[PDB]
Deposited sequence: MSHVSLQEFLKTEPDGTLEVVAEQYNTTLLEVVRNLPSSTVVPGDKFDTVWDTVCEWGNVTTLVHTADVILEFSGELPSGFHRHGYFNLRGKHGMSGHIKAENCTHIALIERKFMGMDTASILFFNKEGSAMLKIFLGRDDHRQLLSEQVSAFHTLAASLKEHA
């Protein structure tokens, strides 16, 4: 049982858990009891709040490349059917295809991780944002409180 297995707190990529159960990441990130999932709307709310935090890691994963961009989230701007970004990272995102957004915080063998997932209609992540960490090793406490404030605010 998916939901039952998730309550186990298993370490490892949520993608594999999705593969095993032969389902979508969104589905997995739906059986995690503490995950905060909201609909495509809020994209700006989420992506405007995050631009406020400090440096974060944006991640794009394809069958051939895994690219990470460490830094401040760039401000948005909708037009021509795209969300267009304004330092190092830029580009355009098909906000319109984002059906769900999940804020998930969990452990990796005891080590906290926190991320924002933007899902499309197929239940796959089109983009992921991970909270940055301090030189020490832990997630930036200021960001983590901001993350929980947003998750609370979204359910509010």
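Asker: Give me the ranges of the deposited sequence that have no CA atoms here, in sequence order.
Answerer: Coordinates drop out over 1-4, 91-92, 163-164.
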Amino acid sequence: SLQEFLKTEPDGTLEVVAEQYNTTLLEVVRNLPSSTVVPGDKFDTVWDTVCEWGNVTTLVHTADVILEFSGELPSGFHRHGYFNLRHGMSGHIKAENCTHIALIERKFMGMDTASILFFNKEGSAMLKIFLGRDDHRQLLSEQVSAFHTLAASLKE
From here on, numbers count along this sequence of modelled residues.
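Asker: Can you let me know which of the two, 144-152 or 131-139, has the higher average C-alpha B-factor in the entry?
Answerer: Stretch with the greater average CA B-factor: 131-139.
Asker: If you take the mean CA temperature factor per stretch, which one wins between 55-63 and 27-35?
Answerer: Between 55-63 and 27-35, it is 27-35 that shows the higher mean C-alpha B-factor.
Asker: Taking the values exactly as deposited, rank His100 by C-alpha B-factor within its chain and report the matching third: lowest, middle or highest.
Answerer: Its C-alpha B-factor belongs to the middle third of this chain's values.
Asker: Would you check the entry's CA temperature factor for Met109 and let me know if it's in the chain's lowest, middle or highest third?
Answerer: Top third by C-alpha B-factor.
Asker: Would you mind checking where the Cα B-factor of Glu68 ranks among the modelled residues of its chain, as the lowest, middle or highest third?
Answerer: Its C-alpha B-factor belongs to the lowest third of this chain's values.
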